[PDB]
Amino acid sequence: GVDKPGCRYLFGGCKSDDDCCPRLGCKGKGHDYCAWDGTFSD
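Going by the deposited numbering, the letters in the sequence shown line up with residues 1 to 42, in that order.
Written out as structure tokens, the structure reads:
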């Protein structure tokens, strides 16, 4: 996850690791999207 203005959100459809915010995480093939990992559950 990269810290940049306009980072992708949940279920964005990322492909790389540093594609979404630093808090989100990109999964492998099949369901490659920005998921929650490390953040506190609301």
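No residue lacks a Cβ here, since even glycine has one placed at the ideal position from N, Cα and C.
Query                                                                                      : Result
Local conformation of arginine 8 per DSSP, three classes                                   : strand
Nearest neighbour of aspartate 3, chosen from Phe40, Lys29, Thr39, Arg23 [CA to CA]        : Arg23
DSSP three-state assignment for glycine 25, whether helix, strand or coil                  : strand
For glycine 25 and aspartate 37, believed in contact at Cβ under 8 Å, the rounded distance : 4 Å
Those residues which DSSP pairs with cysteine 20 across a bridge                           : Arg8
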